[PDB]
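Residues 3 to 125, 127 to 261 in the entry's author numbering are what the sequence shown lists, from first letter to last.
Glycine included, each C-beta is placed from N, C-alpha and C at the ideal position.
Below is one structure, written out as structure tokens, with a few remarks after it.
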Amino acid sequence: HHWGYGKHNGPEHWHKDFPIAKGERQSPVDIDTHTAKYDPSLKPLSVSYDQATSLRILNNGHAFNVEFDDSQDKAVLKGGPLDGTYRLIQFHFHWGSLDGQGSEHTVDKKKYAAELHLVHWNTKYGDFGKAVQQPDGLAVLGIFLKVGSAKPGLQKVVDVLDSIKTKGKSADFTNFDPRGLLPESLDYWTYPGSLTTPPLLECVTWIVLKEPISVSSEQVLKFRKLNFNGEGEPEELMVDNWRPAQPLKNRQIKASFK
Ligand SMILES: [Zn+2]
């Protein structure tokens, strides 16, 4: 009876195995645009992904992750509200069974079709495993996807999904450039939060971009053909792998723009 997104093991159940689920800095949250505070001291974000080295794509049973070589400062995030250098280790998505839902964060209660998470860890802690035990260990860049025109830069990911349909499958995925997934503007909202899947650790500085990317109907459709189950087990479509918005509690969302 492992955690998941079903009726008997879904998000409303995670607190029984992971108490922090009811913590003070849980993610995701609804981003009220009118109460977010513009903070002029926020620096622009610095994304340096030109030397990124993708290695593999893996179906881990709750999403698919594109993994990168994080043994050197090849793909890093600096600036914004961050102190120090954060290395990209993996990116993944959350999506819905319908185009009207799928994002984890919401903007004025609006839900997007999907949400991309670029996960980075603070080099000062030496490895991802140590970074998750710290309050400033991770920086996650969140990008919303809306259905419209196609995103050419995402097609390489969509085409390989047939080869990792079931949990535990992996495939070589080299020379993928994550710059093709960024929007034109890097304006963002930021708040202190957590991982949105177990262990739900409160170690994330969230950076959510204001500008969504558009993807085609057909591209998002291919995400919905993945399976939560392993090969040879009954088929359960990998859809609605998103956690609902959690209480903001004692936190303030800051905006880099007005
Ligand atoms: Zn995520």
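### Status (buried if at least 16 other CB within 10 Å, exposed otherwise) for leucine 224
exposed
### Query
Can you tell me whether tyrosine 40 is buried or exposed, with buried defined as 16 or more other CB within 10 angstroms of its CB?
exposed
### Message
Given this structure, state the Cα-to-Cα distance separating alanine 38 from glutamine 137, to the nearest angstrom.
### Response
25 Å
### Task
Just the C-alpha distance for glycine 171 and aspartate 52, rounded to the nearest angstrom, thanks.
29 Å
### Query
Is the closest heavy atom of ligand 1 to the C-beta of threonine 108 under 7 Å?
Between ligand 1 and the CB of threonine 108, the shortest heavy atom gap is not smaller than 7 Å.
#### Entry: Contact test: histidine 64 Cβ vs ligand 1 heavy atom, cutoff 7 Å
no
### Query
Pick from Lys127, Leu144, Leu79: whose alpha carbon is nearest that of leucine 212?
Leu144
### Query
Within 7 Å: the Cβ of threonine 208 and any heavy atom of ligand 1?
no
#### Entry: DSSP state of residue 312 mapped onto helix, strand, coil
Residue 312 falls outside the range modelled here, since the chain spans only 3 to 261, and no answer is possible.
### Message
Here's a check: name, in chain order, each residue in its chain whose Cβ is nearer than 8 Å to the Cβ of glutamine 158, leaving out the five neighbours to either side.
### Response
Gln222
#### Entry: Cβ neighbours of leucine 189 in the same chain (closer than 6 Å, five flanking residues each side left out)
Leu47
### Message
Nearest by alpha-carbon distance to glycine 129: which of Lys154, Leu100, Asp75 is it?
### Response
Of the candidates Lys154, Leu100, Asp75, the one whose C-alpha sits nearest the C-alpha of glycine 129 is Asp75.
### Beta-carbon contacts of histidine 107 that lie in its chain and below 7 Å, excluding the five residues immediately before and after
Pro30, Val31, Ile33, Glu117, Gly145, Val211
### Outcome for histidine 10 when other beta-carbon atoms lying within 10 angstroms are tallied against a minimum of 16
exposed
#### Entry: DSSP-derived helix/strand/coil call for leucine 164
helix
### Task
Note down the Cα distance separating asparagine 244 from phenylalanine 260, rounded to an integer number of angstroms.
Distance between the alpha carbons of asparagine 244 and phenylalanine 260: 30 Å.
#### Entry: Beta-carbon gap between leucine 148 and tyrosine 114 smaller than 8 Å
yes
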